[PDB]
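Structure record follows, encoded as structure tokens.
Side chains are part of it too, since the values below use all heavy atoms of this structure and drop only hydrogens, waters and symmetry mates. By convention here, the first residue in the shown sequence is residue 1.
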Amino acid sequence: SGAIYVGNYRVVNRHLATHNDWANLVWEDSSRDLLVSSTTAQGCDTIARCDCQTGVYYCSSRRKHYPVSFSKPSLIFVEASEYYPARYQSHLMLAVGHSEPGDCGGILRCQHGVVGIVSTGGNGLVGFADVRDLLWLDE
Ligand SMILES: COc1c(NC(=O)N2CCC[C@H](C(N)=O)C2)cccc1C(F)(F)F
Ligand SMILES: [Zn+2]
């Protein structure tokens, strides 16, 4: 679990969005596993606007932060799950690191701000949904 809170927006994994997220929907994209909902309160977070390929993520299944080197946002094949058929997920960045399904939502940050959230993983890999291209989150 986990979310990004920037301005009047809440960014979550689309597959973990609640009834209230859908009732306050701003934008969603199944191909990216992202959903953004509106908030009444002003959020705590800053979005990175950079091309960093290293950073630190929070791993809830270890209660620890880990440093990672990750690939540039790209189209990656993701096996079928209960949430989605087998498909290519776009804007996904992979890294070697521990992750379990419940780790989705953990934030990846670099020195500039929030980069993205945990969205996929397995076999010593962790995948992050990028949010740095979503310039409208800042206005
Ligand atoms: C494949 O199972 C996982 C997952 N689950 C997912 O990646 N997915 C399930 C949720 C939607 C994701 C997506 N964005 O489509 C895919 C995450 C971390 C670790 C593992 C594990 F180690 F068990 F293999
Ligand atoms: Zn950066």
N13 side-chain N/O to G105 backbone N/O, donor-acceptor pair under 3.5 Å
yes
Under a 4.0 Å threshold between the charged nitrogen and the carboxylate oxygen, would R49 count as salt-bridged to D138?
yes
Begin from the C-alpha positions of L137 and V36 and carry the test side-chain contact (heavy atoms from CB on, under 4.5 Å) through to its verdict.
CA-CA 9 Å; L137 285 175; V36 178; 4.2 Å; yes
With a 4.5 Å cut-off on side-chain heavy atoms, are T54 and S69 touching?
yes
Have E100 and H98 got a donor and an acceptor in their side chains that come within less than 3.5 Å?
yes
Side-chain donor or acceptor of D130 paired with backbone N/O of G116 under 3.5 Å:
no
Taking every non-hydrogen atom, the tightest pair across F70 and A95:
CB-CB, 4.0 Å
For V96 versus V68, what's the shortest heavy-atom pair and its separation?
O-CG1, 3.8 Å
Does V131 reach the side chain of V11, with side-chain heavy atoms less than 4.5 Å apart?
yes
Could you tell me whether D29 and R14 have a side-chain N and a carboxylate O separated by less than 4.0 Å?
no
Pick out which of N24, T39, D21 makes a side chain to side chain donor-acceptor pair (under 3.5 Å) with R10.
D21
If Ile, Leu, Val, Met, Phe, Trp and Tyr residues are connected whenever their side-chain heavy atoms lie under 4.5 Å apart, and connections chain through other members, are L35 and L16 in the same group?
no
Once rounded to the nearest 0.5 Å, what's the spacing between atom CD1 of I107 and atom OH of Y5?
9.5 Å
Has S99 got a side-chain atom pairing as donor or acceptor with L125's backbone, closer than 3.5 angstrom?
yes
Do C104 and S1 come within less than 4.5 Å of each other through their side chains, counting heavy atoms only?
no
With a 4.5 Å cut-off on side-chain heavy-atom distances among I, L, V, M, F, W and Y, is there a chain of contacts connecting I4 to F128?
no
Which pair of non-hydrogen atoms, one from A129 and one from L34, has the smallest distance, and what is that distance?
CB-CD2, 3.9 Å
What's the shortest heavy-atom distance between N8 and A41, and which atoms?
OD1-O, 3.7 Å
If hydrophobic clusters are built from ILVMFWY residues whose side chains come within less than 4.5 Å, do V6 and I117 share one?
yes
Please tell me if the side chains of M93 and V115 come closer than 4.5 Å, counting only heavy atoms from C-beta onward.
yes
Donor-acceptor under 3.5 Å (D103 side chain, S60 main chain):
yes
Rounded to the nearest 0.5 angstrom, the SG-NE2 distance for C59 and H65 is 10.0 Å
Can you find a heavy atom in the side chain of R109 that is under 4.5 Å from one in the side chain of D45?
yes
Distance only, no hydrogens: is a donor on one side chain within 3.5 Å (strictly under) of an acceptor on the other, for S31 and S90?
yes
On a heavy-atom basis, which atom in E28 and which in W22 lie closest, and how many Å separate them?
CG-CH2, 3.8 Å
Which donor-acceptor pairs under 3.5 Å do the side chains of residues 72-85 make with protein atoms, sequence neighbours left out?
residue : atom : partner : partner atom : Å
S81     : OG   : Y83     : N            : 3.2
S81     : OG   : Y84     : N            : 3.3
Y84     : OH   : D33     : OD1          : 2.6

Can any side-chain N or O of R132 pair as donor or acceptor with the backbone N or O of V114 at less than 3.5 Å?
no
Measure up the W27 and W136 rings against each other and bin them: parallel (under 30°), tilted (30 to 60°), perpendicular (over 60°).
perpendicular
Partner set under salt bridge (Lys or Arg N to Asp or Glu O under 4.0 Å) for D133, not counting sequence neighbours:
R32
Has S71 got a side-chain atom pairing as donor or acceptor with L94's backbone, closer than 3.5 angstrom?
yes
